[PDB]
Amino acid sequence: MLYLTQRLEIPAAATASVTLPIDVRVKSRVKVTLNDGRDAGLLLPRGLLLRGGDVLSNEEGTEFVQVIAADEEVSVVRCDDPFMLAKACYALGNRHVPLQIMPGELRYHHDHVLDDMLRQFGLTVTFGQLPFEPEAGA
C-alpha cells in the first residue's frame, strides 16, 4: 500500500495526482484513490491544510502525488463591485462561513439561506461544481 507521509516544502515532478475536496484535505489519516486508479493512504502530521498544487511523497521518495482541489457544490458570487463583495465578506465572516475570496468572485459551500441573505444586498448568487479553496483558518 502506498502511504503518503509528507508534504514537500520543495515539490518534485509529480508521478501522479489526487483530486480531493476540502473536508479530506484537512484530514491526516484517510484512504484516497489517485487519478490513475491506484489506492493510497494519507498518513500526514496533524494540523495541515493541503492546497491544490501541493505535492505529497512517500517515505522512500519514489512517489510524488500532486494534490488537486476537487469540484464541490458551491454558491458563487461574481460581482464587479468590490464594495458589495466586501459587505458580503463581512456578513459571511460574521456567520463563520468558510469562504474563498478572489478578486471579483466569492465561493462558499452551497447554502440557500446564505444565498438569499446576500441577494438582499443586491448581489447575484449562482451555483457551480467548482474547486473550493477557503481562506486560511477555520
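Sequential numbering from 1, following the sequence displayed.
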Higher mean Cα B-factor in the deposited model: 112-120 or 125-133?
112-120
Would you determine, from the values in the PDB entry, which of 74-82 and 31-39 has the greater average C-alpha temperature factor?
74-82
Of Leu48, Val67, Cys89, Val97, which one's C-alpha B factor is largest in the deposited record?
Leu48
Going by what the PDB entry lists, where does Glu60 fall on CA B-factor within its chain: lowest, middle or highest third?
highest
